[PDB]
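Written below as structure tokens is the structure these notes are about.
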Amino acid sequence: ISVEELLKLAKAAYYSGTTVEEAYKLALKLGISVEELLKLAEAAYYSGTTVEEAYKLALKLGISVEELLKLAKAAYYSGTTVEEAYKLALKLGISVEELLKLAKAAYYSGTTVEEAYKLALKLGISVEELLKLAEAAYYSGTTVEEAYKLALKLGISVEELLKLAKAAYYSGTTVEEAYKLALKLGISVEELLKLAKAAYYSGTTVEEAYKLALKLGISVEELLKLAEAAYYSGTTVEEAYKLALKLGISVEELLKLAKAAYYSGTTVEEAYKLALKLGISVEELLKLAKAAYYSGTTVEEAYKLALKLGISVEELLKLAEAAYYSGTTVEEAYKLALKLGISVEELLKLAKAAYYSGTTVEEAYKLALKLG
């Protein structure tokens with residue numbers, strides 16, 4: 001089989017507590033594909049059965065493997081069995097995808113699936129809207145009908161209520177308080193949620209974060225990026241902005257530099273200075289920083305490694321993860337890729353497969369070849 005198929009087989013074998021070849025011959029005995037086997041393995045895991053029991057279950061209900069997996073998840077969320085979940089979908093005359101959404105809503109509400117459905121009918125709303133309402137009610141510690149009553153009293157939509165409930169959660173206020181805050185600042189619900197996050201990252205209030213954005217003359221999206229950067233660096237938002245201006249870079253570039261510095265254990269200025277010394281971009285530096293983290297090396301060491309092997313920064317990062325999955329060094333992983341005649345991306349998939357099945361990358365490769 002192909003490397004992509006082996007990885008999927010290895011995931012299925014991991015979910016079902018078997019071996020890769022046993023999973024492969026199971027797929028043959030059931031006359032199904034590798035992708036279907038994985039979903040079955042995932043469905044069997046949710047329902048506490050075996051893969052073949054899950055397949056018999058799908059045949060008995062007359063549904064597809066994809067439908068079974070959604071039904072298995074719905075049964076998991078509701079605390080019932082697949083068949084009890086199916087009987088309920090039949091009684092309400094809904095699809096399995098609507099049941100899964102309904103089951104998620106009931107889970108966020110601490111009610112039963114049918115109770116959630118009766119509520120949806122009472123409020124006269126769709127299953128998708130109820131689910132958003134349920135999440136909003138969960139964030140704001142109220143009931144679904146209270147959340148629905150609130151959205152009507154504020155004259156806003158269910159989607160807007162949910163974002164508002166998330167903003168109130170970030171800023172430690174109530175939903176109505178969060179709404180008044182949006183009107184007070186003259187911004188949208190979307191802008192408030194981003195502003196609430198920025199205040200959360202920088203340890204300030206929503207209004208403090210807003211005054212800062214006004215003083216710096218930046219968007220709330222730029223502020224949120226700046227706040228994340230300041231949080232990665234251990235500086236203040238304003239300090240991060242002054243740094244970006246000093247280095248003459250954009251807010252997006254500073255955030256990436258901040259991430260890179262966080263991985264490398266350096267300051268943002270040194271990360272930017274390192275990128276100049278190596279003559280590479282901020283994006284390339286961040287990938288190098290990630291690679292050096294997987295390898296237990298420094299960023300410049302990781303760069304010399306890419307030069308030595310004659311590969312790109314991207315190829316190194318994938319190679320670094322493959323080495324991490326195997327417990328080997330980057331050069332041992334590269335030597336194996338060379339011996340097997342495979343690409344770096346194929347090695348990474350092989351390394352994950354080898355990790356999932358508890359074998360060696362080479363052992364996994366020989367297995368894929370045997371399976372044809």
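A note on labels: chains of the structure tokens are A, B, ... as shown, every chain counts residues from 1, and ligands are counted from 1 in their shown order.
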
Selection near residue 76 in chain A, 7 Å with only C-alpha atoms, sequence-local residues under 3 positions removed, as a short mmCIF file (atom, residue, chain, number, x, y, z; two decimals) with N, CA and C atoms, in the first residue's frame:
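part35.cif, written as the output of this step:
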```
data_model
loop_
_atom_site.label_atom_id
_atom_site.label_comp_id
_atom_site.auth_asym_id
_atom_site.auth_seq_id
_atom_site.Cartn_x
_atom_site.Cartn_y
_atom_site.Cartn_z
N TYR A 46 -15.71 5.11 19.81
CA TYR A 46 -16.72 5.96 20.44
C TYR A 46 -17.82 5.12 21.09
N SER A 47 -18.14 3.98 20.48
CA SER A 47 -19.27 3.18 20.92
C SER A 47 -18.85 2.01 21.81
N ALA A 72 -22.30 7.36 16.18
CA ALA A 72 -21.49 6.90 17.30
C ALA A 72 -21.10 8.06 18.21
N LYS A 73 -20.80 9.21 17.61
CA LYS A 73 -20.45 10.40 18.38
C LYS A 73 -21.68 10.96 19.11
N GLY A 79 -24.94 9.77 25.97
CA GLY A 79 -24.81 8.71 26.95
C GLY A 79 -25.64 7.48 26.62
N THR A 80 -26.11 7.39 25.38
CA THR A 80 -26.91 6.26 24.94
C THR A 80 -26.11 5.36 24.00
#
```

With 12 Å as the cut-off and only C-alpha atoms counted, what is the closest atom pair between each nearby residue of range 140-252 of chain A and range 281-287 of chain A? Distances in Å to one decimal, ordered by chain and number, as a Markdown table.
```
| residue | atom | partner | partner_atom | distance |
| --- | --- | --- | --- | --- |
| A:249 | CA | A:282 | CA | 9.9 |
| A:250 | CA | A:282 | CA | 10.8 |
| A:251 | CA | A:282 | CA | 11.8 |
| A:252 | CA | A:282 | CA | 9.8 |
```

Kindly export the residues of the current selection with C-alpha atoms, as a PDB file, in the first residue's frame.
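This is the output file result39.pdb:
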```
ATOM      1  CA  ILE A 249       8.521  45.647  10.505  1.00  0.00           C
ATOM      2  CA  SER A 250       4.771  44.998  10.384  1.00  0.00           C
ATOM      3  CA  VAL A 251       2.602  43.688  13.231  1.00  0.00           C
ATOM      4  CA  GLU A 252       2.231  40.305  11.515  1.00  0.00           C
TER       5      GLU A 252
END
```

**OP:** Give the helix (DSSP H, G or I) residues of range 21-155 of chain A, as DSSP finds them on the backbone, and put them as a VMD selection string.
**Re:** chain A and resid 21 to 29 34 to 47 51 to 61 65 to 78 82 to 92 96 to 109 113 to 123 127 to 140 144 to 154

Selection: 12 Å around residue 89 in chain A, only C-alpha atoms, excl. self and same-chain fewer than 5 positions, as an mmCIF file with N, CA, C and O atoms, in the first residue's frame:
```cif
data_model
loop_
_atom_site.group_PDB
_atom_site.id
_atom_site.type_symbol
_atom_site.label_atom_id
_atom_site.label_comp_id
_atom_site.auth_asym_id
_atom_site.auth_seq_id
_atom_site.Cartn_x
_atom_site.Cartn_y
_atom_site.Cartn_z
ATOM 1 N N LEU A 61 -28.342 -1.131 10.525
ATOM 2 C CA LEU A 61 -29.118 0.102 10.494
ATOM 3 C C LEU A 61 -29.305 0.594 9.060
ATOM 4 O O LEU A 61 -30.111 1.488 8.798
ATOM 5 N N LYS A 70 -20.924 9.493 12.835
ATOM 6 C CA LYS A 70 -21.650 10.625 13.401
ATOM 7 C C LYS A 70 -22.648 10.138 14.442
ATOM 8 O O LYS A 70 -22.885 10.798 15.453
ATOM 9 N N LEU A 71 -23.227 8.970 14.182
ATOM 10 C CA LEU A 71 -24.204 8.377 15.084
ATOM 11 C C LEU A 71 -23.510 7.882 16.348
ATOM 12 O O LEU A 71 -24.057 7.975 17.448
ATOM 13 N N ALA A 74 -22.819 10.947 18.427
ATOM 14 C CA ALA A 74 -24.070 11.422 19.010
ATOM 15 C C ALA A 74 -24.464 10.573 20.214
ATOM 16 O O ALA A 74 -24.938 11.094 21.223
ATOM 17 N N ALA A 75 -24.269 9.264 20.097
ATOM 18 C CA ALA A 75 -24.573 8.347 21.187
ATOM 19 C C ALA A 75 -23.627 8.605 22.353
ATOM 20 O O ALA A 75 -24.014 8.506 23.517
ATOM 21 N N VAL A 82 -25.738 3.373 20.144
ATOM 22 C CA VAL A 82 -25.944 3.772 18.756
ATOM 23 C C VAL A 82 -27.385 3.535 18.307
ATOM 24 O O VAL A 82 -27.988 4.380 17.644
ATOM 25 N N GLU A 83 -27.934 2.390 18.695
ATOM 26 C CA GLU A 83 -29.288 2.014 18.304
ATOM 27 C C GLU A 83 -30.344 2.876 18.995
ATOM 28 O O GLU A 83 -31.363 3.213 18.392
ATOM 29 N N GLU A 84 -30.110 3.222 20.258
ATOM 30 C CA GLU A 84 -31.009 4.124 20.972
ATOM 31 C C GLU A 84 -30.961 5.506 20.327
ATOM 32 O O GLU A 84 -31.983 6.185 20.211
ATOM 33 N N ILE A 94 -35.325 13.284 11.947
ATOM 34 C CA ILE A 94 -34.160 14.096 11.612
ATOM 35 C C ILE A 94 -33.011 13.254 11.066
ATOM 36 O O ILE A 94 -33.014 12.029 11.192
ATOM 37 N N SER A 95 -32.032 13.915 10.459
ATOM 38 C CA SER A 95 -30.858 13.224 9.935
ATOM 39 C C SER A 95 -29.867 12.948 11.061
ATOM 40 O O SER A 95 -30.003 13.487 12.159
ATOM 41 N N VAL A 96 -28.873 12.109 10.789
ATOM 42 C CA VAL A 96 -27.871 11.781 11.796
ATOM 43 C C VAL A 96 -26.949 12.967 12.077
ATOM 44 O O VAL A 96 -26.389 13.079 13.168
ATOM 45 N N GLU A 97 -26.800 13.852 11.096
ATOM 46 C CA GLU A 97 -25.971 15.039 11.264
ATOM 47 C C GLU A 97 -26.672 16.053 12.161
ATOM 48 O O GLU A 97 -26.031 16.760 12.940
ATOM 49 N N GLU A 98 -27.995 16.110 12.050
ATOM 50 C CA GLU A 98 -28.794 16.975 12.907
ATOM 51 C C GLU A 98 -28.858 16.412 14.320
ATOM 52 O O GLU A 98 -28.898 17.163 15.294
ATOM 53 N N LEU A 99 -28.870 15.086 14.424
ATOM 54 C CA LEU A 99 -28.856 14.424 15.722
ATOM 55 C C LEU A 99 -27.560 14.721 16.469
ATOM 56 O O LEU A 99 -27.575 14.995 17.669
ATOM 57 N N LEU A 100 -26.442 14.662 15.750
ATOM 58 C CA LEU A 100 -25.134 14.928 16.336
ATOM 59 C C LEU A 100 -25.048 16.358 16.858
ATOM 60 O O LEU A 100 -24.482 16.607 17.922
ATOM 61 N N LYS A 101 -25.613 17.294 16.101
ATOM 62 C CA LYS A 101 -25.678 18.686 16.528
ATOM 63 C C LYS A 101 -26.602 18.829 17.730
ATOM 64 O O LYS A 101 -26.311 19.566 18.672
ATOM 65 N N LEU A 102 -27.720 18.111 17.680
ATOM 66 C CA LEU A 102 -28.691 18.095 18.767
ATOM 67 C C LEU A 102 -28.090 17.475 20.024
ATOM 68 O O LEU A 102 -28.368 17.914 21.140
ATOM 69 N N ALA A 103 -27.261 16.454 19.833
ATOM 70 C CA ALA A 103 -26.618 15.765 20.944
ATOM 71 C C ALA A 103 -25.570 16.661 21.594
ATOM 72 O O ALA A 103 -25.389 16.640 22.811
ATOM 73 N N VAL A 113 -31.488 14.791 24.545
ATOM 74 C CA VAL A 113 -31.577 15.146 23.133
ATOM 75 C C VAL A 113 -32.979 15.606 22.734
ATOM 76 O O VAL A 113 -33.135 16.629 22.065
ATOM 77 N N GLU A 114 -33.995 14.861 23.159
ATOM 78 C CA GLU A 114 -35.372 15.182 22.799
ATOM 79 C C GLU A 114 -35.853 16.462 23.487
ATOM 80 O O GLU A 114 -36.643 17.219 22.921
ATOM 81 N N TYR A 117 -34.605 19.175 21.468
ATOM 82 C CA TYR A 117 -35.396 19.262 20.247
ATOM 83 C C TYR A 117 -36.737 19.942 20.508
ATOM 84 O O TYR A 117 -37.208 20.733 19.692
#
```

Original post:
Can you tell me, as a VMD selection string, what residues are no more than 12 Å from residue 105 in chain A when counting only C-alpha atoms, ignoring any on the same chain fewer than 2 positions away?
Top reply: chain A and resid 74 77 to 78 98 to 103 107 to 117 119 to 120 126 to 138 143 to 144

Would you export the selected residues with N, CA, C and O atoms as a compact mmCIF listing (two decimals), in the first residue's frame, please?
```txt
# COMPACT_ATOMS: atom_id res chain seq x y z
N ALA A 74 -22.82 10.95 18.43
CA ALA A 74 -24.07 11.42 19.01
C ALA A 74 -24.46 10.57 20.21
O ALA A 74 -24.94 11.09 21.22
N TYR A 77 -22.16 11.56 23.10
CA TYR A 77 -22.51 12.82 23.74
C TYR A 77 -23.75 12.72 24.61
O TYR A 77 -23.88 13.43 25.61
N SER A 78 -24.66 11.82 24.24
CA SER A 78 -25.95 11.72 24.93
C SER A 78 -25.93 10.66 26.02
O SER A 78 -26.79 10.65 26.90
N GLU A 98 -28.00 16.11 12.05
CA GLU A 98 -28.79 16.97 12.91
C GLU A 98 -28.86 16.41 14.32
O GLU A 98 -28.90 17.16 15.29
N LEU A 99 -28.87 15.09 14.42
CA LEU A 99 -28.86 14.42 15.72
C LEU A 99 -27.56 14.72 16.47
O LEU A 99 -27.58 15.00 17.67
N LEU A 100 -26.44 14.66 15.75
CA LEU A 100 -25.13 14.93 16.34
C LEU A 100 -25.05 16.36 16.86
O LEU A 100 -24.48 16.61 17.92
N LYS A 101 -25.61 17.29 16.10
CA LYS A 101 -25.68 18.69 16.53
C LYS A 101 -26.60 18.83 17.73
O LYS A 101 -26.31 19.57 18.67
N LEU A 102 -27.72 18.11 17.68
CA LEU A 102 -28.69 18.09 18.77
C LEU A 102 -28.09 17.47 20.02
O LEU A 102 -28.37 17.91 21.14
N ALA A 103 -27.26 16.45 19.83
CA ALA A 103 -26.62 15.76 20.94
C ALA A 103 -25.57 16.66 21.59
O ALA A 103 -25.39 16.64 22.81
N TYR A 107 -25.72 18.28 25.38
CA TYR A 107 -24.53 18.11 26.20
C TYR A 107 -24.11 19.44 26.83
O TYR A 107 -23.73 19.49 28.00
N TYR A 108 -24.17 20.51 26.05
CA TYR A 108 -23.84 21.85 26.55
C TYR A 108 -24.90 22.37 27.52
O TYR A 108 -24.66 23.33 28.25
N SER A 109 -26.06 21.74 27.52
CA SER A 109 -27.20 22.22 28.30
C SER A 109 -27.51 21.34 29.50
O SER A 109 -28.26 21.73 30.39
N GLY A 110 -26.94 20.14 29.52
CA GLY A 110 -27.23 19.17 30.56
C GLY A 110 -28.67 18.68 30.50
O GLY A 110 -29.29 18.41 31.53
N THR A 111 -29.19 18.56 29.28
CA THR A 111 -30.54 18.05 29.07
C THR A 111 -30.48 16.80 28.19
O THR A 111 -29.39 16.35 27.83
N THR A 112 -31.64 16.25 27.85
CA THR A 112 -31.68 15.12 26.94
C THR A 112 -31.83 15.63 25.51
O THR A 112 -32.23 16.78 25.30
N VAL A 113 -31.49 14.79 24.54
CA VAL A 113 -31.58 15.15 23.13
C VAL A 113 -32.98 15.61 22.73
O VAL A 113 -33.13 16.63 22.07
N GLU A 114 -33.99 14.86 23.16
CA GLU A 114 -35.37 15.18 22.80
C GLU A 114 -35.85 16.46 23.49
O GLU A 114 -36.64 17.22 22.92
N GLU A 115 -35.37 16.70 24.70
CA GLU A 115 -35.66 17.95 25.40
C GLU A 115 -35.10 19.14 24.64
O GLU A 115 -35.74 20.19 24.54
N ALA A 116 -33.89 18.97 24.10
CA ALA A 116 -33.26 20.01 23.30
C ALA A 116 -34.05 20.25 22.02
O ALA A 116 -34.16 21.38 21.54
N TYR A 117 -34.60 19.17 21.47
CA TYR A 117 -35.40 19.26 20.25
C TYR A 117 -36.74 19.94 20.51
O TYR A 117 -37.21 20.73 19.69
N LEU A 119 -37.28 22.09 22.77
CA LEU A 119 -36.96 23.49 23.01
C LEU A 119 -36.77 24.23 21.69
O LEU A 119 -37.25 25.35 21.52
N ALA A 120 -36.06 23.59 20.76
CA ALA A 120 -35.85 24.16 19.43
C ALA A 120 -37.18 24.42 18.71
O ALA A 120 -37.33 25.43 18.02
N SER A 126 -33.83 26.55 14.18
CA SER A 126 -33.19 25.37 13.59
C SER A 126 -32.25 24.69 14.59
O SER A 126 -31.94 25.24 15.64
N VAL A 127 -31.80 23.48 14.24
CA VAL A 127 -30.88 22.72 15.08
C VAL A 127 -29.52 23.41 15.20
O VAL A 127 -28.90 23.40 16.26
N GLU A 128 -29.08 24.03 14.11
CA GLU A 128 -27.79 24.73 14.09
C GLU A 128 -27.82 25.95 15.00
O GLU A 128 -26.84 26.25 15.68
N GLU A 129 -28.95 26.64 15.02
CA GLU A 129 -29.12 27.82 15.85
C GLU A 129 -29.20 27.45 17.33
O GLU A 129 -28.69 28.17 18.19
N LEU A 130 -29.86 26.33 17.62
CA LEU A 130 -29.97 25.85 19.00
C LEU A 130 -28.60 25.51 19.57
O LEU A 130 -28.32 25.79 20.73
N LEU A 131 -27.76 24.91 18.74
CA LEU A 131 -26.42 24.52 19.14
C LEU A 131 -25.58 25.74 19.52
O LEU A 131 -24.85 25.72 20.51
N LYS A 132 -25.68 26.80 18.71
CA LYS A 132 -24.99 28.05 19.01
C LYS A 132 -25.53 28.67 20.30
O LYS A 132 -24.77 29.18 21.12
N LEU A 133 -26.85 28.62 20.45
CA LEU A 133 -27.51 29.10 21.66
C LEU A 133 -27.04 28.33 22.88
O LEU A 133 -26.78 28.91 23.94
N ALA A 134 -26.93 27.01 22.73
CA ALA A 134 -26.48 26.14 23.81
C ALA A 134 -25.05 26.47 24.24
O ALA A 134 -24.75 26.50 25.44
N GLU A 135 -24.17 26.71 23.27
CA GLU A 135 -22.80 27.09 23.57
C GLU A 135 -22.75 28.47 24.23
O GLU A 135 -21.98 28.69 25.16
N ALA A 136 -23.58 29.39 23.74
CA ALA A 136 -23.66 30.73 24.32
C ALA A 136 -24.14 30.66 25.76
O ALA A 136 -23.61 31.35 26.63
N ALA A 137 -25.15 29.83 26.01
CA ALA A 137 -25.69 29.66 27.35
C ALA A 137 -24.66 29.01 28.26
O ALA A 137 -24.61 29.30 29.46
N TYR A 138 -23.84 28.13 27.69
CA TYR A 138 -22.79 27.46 28.43
C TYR A 138 -21.71 28.44 28.86
O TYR A 138 -21.23 28.41 29.99
N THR A 143 -29.53 29.55 30.74
CA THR A 143 -30.23 28.51 30.00
C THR A 143 -30.39 28.95 28.55
O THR A 143 -30.23 30.13 28.23
N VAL A 144 -30.71 28.00 27.68
CA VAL A 144 -30.84 28.28 26.25
C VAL A 144 -31.96 29.28 25.96
O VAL A 144 -31.81 30.16 25.12
```

Original post:
A:123, A:160, A:1, A:16: which is nearest residue 179 in chain A, counting only C-alpha atoms?
Top reply: A:160

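CA of residue 56 in chain A is positioned 12.6 Å from CA of residue 32 in chain A.
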
Subject >> Between CA of residue 221 in chain A and CA of residue 177 in chain A - distance in Å to one decimal >> reply: 21.9 Å

Subject >> Using only C-alpha atoms: which of A:200, A:332, A:10, A:51 has the shortest distance to residue 228 in chain A >> reply: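 So, comparing all the options, the nearest one is A:200.
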
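The protein and nucleic acid residues lying at most 10 Å from residue 150 in chain A are residues 144, 145, 155, 156, 158, 161, 175 and 176 of chain A, with only C-alpha atoms considered and sequence neighbours fewer than 5 positions away removed.
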
Original post:
If you measure from CA of residue 229 in chain A to CA of residue 258 in chain A, what distance in Å do you get, rounded to one decimal?
Top reply: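 CA of residue 258 in chain A lies at a distance of 5.4 Å from CA of residue 229 in chain A.
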
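Among A:357, A:308, A:236, A:4, the residue with the shortest atom-to-atom distance to residue 334 in chain A, counting only C-alpha atoms, is A:308.
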
**OP:** List the neighbours of residue 207 in chain A out to 12 Å using only C-alpha atoms; skip same-chain residues closer than 5 positions along the sequence, and give me the result as a PyMOL selection string.
**Re:** chain A and resi 171+178+181-182+184-187+192+195-196+198-200+212-214+220

Would you save the residues of that selection, restricted to C-alpha atoms, as a JSON list (two decimals), in the first residue's frame?
```json
[["chain", "number", "residue", "atom", "x", "y", "z"],
["A", 171, "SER", "CA", -13.51, 39.90, 29.85],
["A", 178, "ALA", "CA", -20.50, 43.07, 26.99],
["A", 181, "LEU", "CA", -19.58, 47.83, 26.05],
["A", 182, "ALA", "CA", -19.74, 47.35, 22.27],
["A", 184, "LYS", "CA", -20.30, 52.35, 24.28],
["A", 185, "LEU", "CA", -17.18, 51.94, 22.13],
["A", 186, "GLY", "CA", -19.15, 52.09, 18.88],
["A", 187, "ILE", "CA", -17.73, 48.81, 17.58],
["A", 192, "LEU", "CA", -15.41, 43.44, 20.71],
["A", 195, "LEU", "CA", -10.74, 43.37, 21.68],
["A", 196, "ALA", "CA", -11.78, 41.17, 24.60],
["A", 198, "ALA", "CA", -6.44, 41.37, 23.34],
["A", 199, "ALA", "CA", -7.33, 42.61, 26.82],
["A", 200, "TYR", "CA", -7.13, 39.02, 28.06],
["A", 212, "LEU", "CA", -4.21, 51.84, 23.61],
["A", 213, "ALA", "CA", -5.38, 51.02, 20.08],
["A", 214, "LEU", "CA", -6.55, 54.62, 19.71],
["A", 220, "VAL", "CA", -8.31, 45.98, 16.80]]
```

Original post:
Which of these, A:270, A:36, A:321, A:345, has the shortest distance to residue 3 in chain A once you count only C-alpha atoms?
Top reply: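 Answer, going by the shortest atom-to-atom distance: A:345.
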
Original post:
Near residue 358 in chain A, counting only C-alpha atoms, which residues have an atom at most 10 Å away, once you skip same-chain residues fewer than 4 positions from it, shown as a list in words?
Top reply: residues 10, 14, 19, 326, 352, 353, 354, 363 and 364 of chain A
